[PDB]
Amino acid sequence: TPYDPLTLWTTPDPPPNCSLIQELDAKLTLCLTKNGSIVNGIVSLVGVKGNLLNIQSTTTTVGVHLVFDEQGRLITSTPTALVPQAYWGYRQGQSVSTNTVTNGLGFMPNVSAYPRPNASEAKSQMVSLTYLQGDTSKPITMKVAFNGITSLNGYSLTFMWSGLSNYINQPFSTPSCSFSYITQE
């Protein structure tokens, strides 16, 4: 096969692929690799236009969502951060394959472990301490929530970077952040 079936990503160097506050104002790099019952993931978000380049005084949190259908296929509409033309699928070289994902449930957060109505349960969250712009003097928290913004028979991933309250007038960018979760299949 020309592609790797254990990896789903946004390609390593995606162009602005999110319209968070305004049209294409952010670059979200996300790579998910399946390793048995656990998916090793790495996420990164950076502002490139609008308010995401100069954190508003009243903002305290910046987050993105990724909703998947019952087959583990991304749905490119609200609230999914990635715009519809955004690249997402199996890895093939430094790009993605155009083949539809047929083993998506292997990358989805286990609904038994993280039930859809359990988004507020600690177990459905992986919270860590990280640093804005990688600057160790600017600590923030990244909270990954599983299946919290899911429809029904669906799945989701939520990334919440909080504590931005006192980093006003600065560009928003996160370092490469790691996370993991138990797979559906």
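Numbers for residues come from their place in the sequence shown, where the first is 1.
Which of the two stretches, 10 to 18 or 165 to 173, shows the higher mean Cα temperature factor in the record? In the deposited entry, the stretch with the higher C-alpha B-factor mean is 165 to 173.
Determine, for stretches 149 to 157 and 25 to 33, which one has the higher mean CA B-factor as deposited. Mean B over CA atoms: larger for 149 to 157.
Given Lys49, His65, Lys143, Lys138, identify the residue with the highest C-alpha B factor in the PDB entry. Largest recorded C-alpha B-factor: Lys49.
Go through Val39, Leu45, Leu53, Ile42 one by one and give the residue whose Cα B-factor in the PDB entry is largest. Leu53 has the highest C-alpha B-factor of those listed.
By its CA B factor, does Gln184 count among the lowest, middle or highest third of the modelled residues in the chain? It belongs to the middle third of the chain when residues are ordered by C-alpha B-factor.
Can you work out whether the C-alpha temperature factor of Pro84 puts it in the lowest, middle or highest third of the chain? Tercile = highest for this residue's CA B-factor.
Among the modelled residues of this chain, does the Cα B factor of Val127 put it in the lowest, middle or highest third? Within its chain, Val127 is a middle-third residue by C-alpha B-factor, going by the deposited values.
Going by the CA temperature factor in the PDB record, which third of the chain does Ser112 belong to: lowest, middle or highest? According to the entry, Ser112 has a C-alpha B-factor in the chain's middle third.
Within-chain third of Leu105 by Cα B-factor, per the entry: CA B-factor rank for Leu105: lowest third.
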